[PDB]
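Think of it as A, B, C, D, E, F, G, H, I, J, K, L, M and N in the order they're written, each chain with its own count starting at 1.
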Amino acid sequence: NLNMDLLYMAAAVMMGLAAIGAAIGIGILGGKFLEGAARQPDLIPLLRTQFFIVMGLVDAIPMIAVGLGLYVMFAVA
Amino acid sequence: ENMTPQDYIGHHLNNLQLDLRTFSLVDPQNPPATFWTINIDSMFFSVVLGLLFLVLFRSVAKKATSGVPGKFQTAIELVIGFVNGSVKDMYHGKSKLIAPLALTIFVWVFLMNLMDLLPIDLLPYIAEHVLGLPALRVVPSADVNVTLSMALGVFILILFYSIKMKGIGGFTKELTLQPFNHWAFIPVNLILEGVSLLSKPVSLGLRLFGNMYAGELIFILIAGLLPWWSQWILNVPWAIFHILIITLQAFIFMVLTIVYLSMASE
Amino acid sequence: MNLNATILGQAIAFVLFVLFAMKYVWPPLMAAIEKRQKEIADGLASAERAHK
Amino acid sequence: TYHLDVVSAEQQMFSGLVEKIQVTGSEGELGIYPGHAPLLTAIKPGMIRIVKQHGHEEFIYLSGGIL
Amino acid sequence: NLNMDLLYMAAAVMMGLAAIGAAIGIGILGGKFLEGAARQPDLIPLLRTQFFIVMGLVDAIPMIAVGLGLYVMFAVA
Amino acid sequence: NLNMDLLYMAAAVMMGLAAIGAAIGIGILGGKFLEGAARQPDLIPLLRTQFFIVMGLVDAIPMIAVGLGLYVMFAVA
Amino acid sequence: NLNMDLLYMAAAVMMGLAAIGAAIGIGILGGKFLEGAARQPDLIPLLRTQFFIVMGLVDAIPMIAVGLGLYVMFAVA
Amino acid sequence: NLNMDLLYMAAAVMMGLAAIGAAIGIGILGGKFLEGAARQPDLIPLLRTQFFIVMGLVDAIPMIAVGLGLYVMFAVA
Amino acid sequence: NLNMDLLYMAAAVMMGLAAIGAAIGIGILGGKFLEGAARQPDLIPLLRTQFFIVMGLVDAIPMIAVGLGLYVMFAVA
Amino acid sequence: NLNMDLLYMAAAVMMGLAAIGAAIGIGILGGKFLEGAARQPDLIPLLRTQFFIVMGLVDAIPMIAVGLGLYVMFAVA
Amino acid sequence: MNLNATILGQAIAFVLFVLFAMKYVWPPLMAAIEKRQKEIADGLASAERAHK
Amino acid sequence: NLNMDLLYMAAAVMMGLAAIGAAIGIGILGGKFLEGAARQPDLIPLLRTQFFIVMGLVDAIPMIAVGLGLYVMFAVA
Amino acid sequence: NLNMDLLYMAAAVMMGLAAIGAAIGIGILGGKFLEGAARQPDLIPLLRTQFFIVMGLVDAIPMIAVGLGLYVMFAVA
Amino acid sequence: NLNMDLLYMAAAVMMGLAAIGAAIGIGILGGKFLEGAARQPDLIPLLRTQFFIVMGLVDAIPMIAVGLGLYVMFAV
């Protein structure tokens, strides 16, 4: 029955690192975006579009590692 | 067909190797021990892609003209444009060989990689169930030895060009004094500079190789692990992306070749 | 396991991949070629106007 | 050496070749040597230090300006 | 027994790493927000709007990790 | 035997990580608060209100980690 | 048998590390991308071009790692 | 019993992490303080006011941390 | 038998570290390249040509680790 | 025996993390100080005073941690 | 995976595919283009003398 | 026996960390060299010389770790 | 041969972490020394004396860490 | 048996941490050096000299860590 604890520990690492990656990427990107917004507030509705169109491309891999941890926990037990 | 997914996957991890003493075919289940067992699948693809690049080019080369080029000729001269554009600024010496070196590297590597987009199982089928061949795979660069041979060729060339264009008398000074220049450090200096030299062909080989080994792997898994109505939906994005890597790695190899040599000779 | 279903899967995959290539990738290829050919052709045309 | 021009709106205050200067830029005190990368800054009221080639020093008082 | 009493180490790894991610990312974003605000000290409410927009994206994946940490600690354990 | 002795360790993981996060998330924001304030000292009382509004989200999620760490540390261990 | 656990734990680390590496490498680049966009908003497409050219490099090792993680989790097992 | 060395280490983890967090956070904030000070040296007492006033906030969580590590190392161990 | 469980793990960790290193380094290098692009169009080709002098050097060590990791995972085990 | 064994490891984490933090923090701080001095050699002493004052706040937690390490290595040994 | 004697054979194939391009493909290809490069370069000097 | 496992682990970590080191150390340096060129392309062939004279050092430690990893593979196994 | 094995991991941890701390903390400082140089060459002697005086702080804790490393390695062994 | 791979692992960790440190430090210091040079290109010699002087103090502890890592790896 040791198996069914390390099966959760793998999910612990697998889904902690993913949260860190997502948070860091989005935070840096949003910070630079906000500086761009503040230096020209007339321009926001363009920069924000570009922001989302990039941000998805960061979070791609967090959201697959999350998924594999979800699989290992809920399905594999 | 008793191949479990874990087991089916294996057959693509398997090469179709020769054994030169026996000219025999090394079966997948038992791998003979020796250094004398050629990888036929990598070789046939290597030579066929190289030759069908050279044919397309040399057919027009004999015929090239200064009128408006033929469209096929237009593409030839446009890739000549990218090639000569890179050569034109990163190289400054007289040598002839640099330009065709870089060209034959670029397009040939691209072709060796170009095959990966081929549906992964298709051609191994005509290998096994038609011509009676026990296993196969269809990307030469995913077989280490070609990248090793090419990058250690560049290694030979680094030695060769550098010694040609500044001699041993200065080559020893560089290889021993740097980076600290003060005479007590020389023995320790050369150790750090030595493998610093060798990591260039080694990294040239490995950066390329790993990308295509791991490229094929994803298609192997796409085939093995998913139902028909979902193998296509990962494969659309994965092709969308792998376009990029298979182009970038050839461009990298070209530029890195030229840069590595230029640093030593110029 | 059945080897066949991978065949239908990779058929769908390659068909849609080729749609992507043709509709998005062949146009830029042919368009850069046509652009280069325009440059060559009008270059020679104006050169011949100059030699007139 | 490099060529230094100190000019006011009214009349010209210096012109000759210099080895180095030391100027009190608004952000921080700065020093310029031949070939210095292009730079542009305000400056605070205060002295400026010149060394005319052959090292001959002199000082000038400014009410501010732009370097 | 350890077959449950180690679940807490899994929850700890997961949710503490998530805490790091959310804390660092939110802090960076807020720092650029404050700089922008100080440089446009009337534009603020629109910047605060956009700050809140891109803020939750930093916590989009950390919150799932929090969910699953409390899952391991009060559904499983 | 394996009940409390590793629960100390796991709570220590949770709360030490949350301490790293909550120290740095305050640190960065405070840096941008100071350096911006040093330019616009006349606006300070507005800036600090914005600071507190931001920190309210910064530290909310580490607060979970530490309070949960106490729920483990005293009750469960 | 036990053997399943350690393989899962090995893959988990590869996928978490890939997640963090990729996410950071894209967030930094996108940050500079956007702060540039806010300067040359008319020339966004050219920046997008070179941005994706480089993002083709950012993703190399991280997705090598995701591939090997999937392979370990589902065919080494 | 074997737990004696486990209590020491379970405290030591939280202690080292509190050290890292507090040191980095306060270093950052002080660095921005020292730079800001050079511009308007007329302001340094007000800047130092703000510095202490937020530095009291930098360390709250590390001051839970070291306290509760000592709660083991000098009482419970 | 015990050799599998850790002969795969060694490669998993080795290639995860190889991922982090190159992802971060190329992230920053490309970020500065886009700084150049947004500041100074009309140089983009020159900057690209120089940038790819460095980008190959950034991969120098990590790709060796990825090659040896594949060796470990398929020739050693 | 083991009472004799883990009193080196237990101090290892503490003293290593403390030695990292106390160096990073004041590297940051003294760097900002040193540039602030290069920009204003009129204010070398005035800023040196603040450098010491502010340093006084960083090394608190590092000194506690490393002192407790010395404690575990020689007092309780 | 496996070291192999392929590592020499590929050098043998490589240097040959190099030679078949060196003395027989690139000089022709670029020379036929140099002819054109001149032939559009001359038009400017032609009109230049016509202007003078 | 498992000495093979842990000796290969020794090679694994030895190379793994040095990879991150030598990648990020060049990322930083190239990142500054690129902007130095960006402001003024006519200095490129000088800065790209001093660049090599600098980067030569960055590898002195990691390309010791590289060779010793290769040795620990093929001599120590 | 059991009882002493951990002294050789414990001797490595405290050494390596002091190495990282000292090197990174003095680099982050030497960078500002070099800027203070390049803005004012004729201040370089005074800034070098200041650099030494500051670095006398940074290296303090690392020296203690490495000293107790020497102790544990050779005296304790 | 169960022991010696521990020593080898410890020497690998020593060199790994020391490489991380002595690479990040030199990289930061080198980036600032290159930009300082790009600012005043005709003080490259003076800056390079003082850069060496400041570098020397960075490498000490990592190089000692490599020393003791080699001693652990081969002298024991």
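Here is the rule we go by: contacts are C-beta pairs under 8 Å (C-beta built on N, C-alpha and C of every residue); 3 or more make two chains touch, one makes a residue touch a chain.
For each chain, UniProt lists the protein as follows: B = ATP synthase subunit a.
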To the nearest 5 degrees, please report the angle of the rotation taking chain E's Cα atoms onto chain M. 145
Quick check for the class: compute each chain's Cα centroid; which one is farthest from the centroid of chain E? K
If I rank I-K and G-I by number of C-beta contact pairs, which comes first? G-I
Copies chain I and chain L touch; is their interface built from the same residue numbers (over half shared) or different ones? different
Separation of mean Cα positions, chain N and chain E [Å, integer]: 35
Separation of the C-alpha centres, chain J versus chain M, in whole Å, is 11
Cα centroid separation between chain D and chain I, in whole Å? 47
Taking the mean of the CA coordinates per chain, how far is chain F from chain M in Å? 29
Name the residues of chain B (ATP synthase subunit a) that each touch 2 or more other chains. 5, 77, 199, 210, 214, 224
What are the residue numbers in chain F that touch two or more other chains? 6, 9, 11, 13, 15-18, 20-22, 24, 26-28, 31-33, 35, 37, 39, 51, 55, 59, 62
Sequence positions of chain K contacting 2 or more other chains: 1-2, 36, 39
All touching chain pairs, where touch follows the definition stated at the start: A-E, A-G, B-C, B-G, B-I, B-K, B-L, C-K, D-J, D-L, D-M, D-N, E-F, F-H, G-I, H-J, I-K, I-L, J-M, L-N, M-N
Of all residues in chain B (ATP synthase subunit a), those that touch chain K in their complex: 15, 17, 20, 31, 35-39, 42-43, 46-47, 50, 54, 57-58, 60-62, 64-66, 76-77, 80, 84, 96-97, 99-101, 103-104, 108, 143-146, 148-150, 152-153
Taking the touch rule as given, give the residues of chain L at its contact with chain I in the complex, in rising order. 2, 4-6, 8-9, 11-13, 15-24, 26-28, 30-35, 37-39, 41, 44, 48, 51, 55, 59, 62-63, 66, 69-70, 73
Enumerate the contact residues on chain B (ATP synthase subunit a) facing chain G in the complex. 5-6, 9, 210-211, 214, 217-218, 221, 224-225, 241, 244-245, 248
Residue numbers of chain I touching chain B (ATP synthase subunit a) in their complex, please. 49, 52-53, 55-56, 59-61, 63-64, 66-67, 70, 74
Counting only contacts in the complex, chain G reaches chain I at residues 3, 5-7, 9-11, 13-14, 16-18, 20-22, 24-29, 31-33, 35-37, 39-40, 43, 46-47, 50-51, 54-55, 57-58, 60-62, 64-65, 68-69, 72, 76
